[PDB]
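Yeah, the sequence shown ends on 33 if you go by the entry's author numbering, and it's all consecutive.
Report on one structure; see the data block that follows.
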Amino acid sequence: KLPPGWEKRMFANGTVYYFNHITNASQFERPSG
Ligand SMILES: *[C@@H]1OC[C@@H](O)[C@H](O)[C@H]1O
Numbered sequence: 001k002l003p004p005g006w007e008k009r010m011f012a013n014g015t016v017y018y019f020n021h022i023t024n025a026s027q028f029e030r031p032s033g
């Protein structure tokens, strides 16, 4: 499902986003790569 290095992440207010654990990058939209 999810591409390499990405993992799902979430704010203290309950808002979900995406985080790259290899690069420390982050984004709201679901990652294609
Ligand atoms: C929840 O935390 C992330 C921020 O971007 C949103 O505006 C807030 O509601």
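Every residue gets a Cβ at the ideal spot worked out from N, C-alpha and C, and that includes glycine.
Can you give the beta carbon distance from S32 to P4, rounded, assuming they're within the 8 Å contact cut? Actually they are not in contact, since the Cβ atoms of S32 and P4 sit about 12 Å apart, beyond 8 Å.
Are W6 and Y18 close, meaning C-beta to C-beta below 8 Å? In this structure, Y18 lies closer than 8 Å to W6 by Cβ.
Do you know how far the Cα of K1 is from the Cα of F11? Each residue's alpha carbon lies about 22 Å from the other.
Comparing the CB of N20 with every heavy atom of ligand 1, is any distance shorter than 7 Å? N20: no, Cβ never under 7 Å from ligand 1.
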